[PDB]
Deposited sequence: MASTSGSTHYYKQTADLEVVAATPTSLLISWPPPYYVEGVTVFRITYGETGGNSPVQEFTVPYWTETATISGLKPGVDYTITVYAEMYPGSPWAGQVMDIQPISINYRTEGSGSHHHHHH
């Protein structure tokens, strides 16, 4: 219950995040992934505030990837708090 990897193949991943305490209001979730070492250009996609699960595809086998979730608030009150949740995975 962080961020966590529900299930994974060496090419695909299933991610889950607990649906935290501010949905009112977060509008969207920016989800990022890139090979943990820098060089590859970072990939991103968004999902609606009501989603607790997302899919990350096209990964390379036995490679270390970094995943991050950014919560984007609708203009006006947070909850001036955030942090981005992170996890590192080997396929």
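**Study point:** Missing segments of the deposited chain sequence, listed N- to C-terminal
**Key:** Gaps in the modelled chain, taken against the deposited sequence, lie at 1-14, 94-97, 110-120.
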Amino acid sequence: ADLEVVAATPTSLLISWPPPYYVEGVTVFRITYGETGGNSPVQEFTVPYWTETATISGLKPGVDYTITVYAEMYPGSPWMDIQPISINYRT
From here on, numbers count along this sequence of modelled residues.
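Review point. Per the PDB record, is the mean Cα temperature factor higher over 61-69 or over 45-53?
Key: Stretch with the greater average CA B-factor: 61-69.
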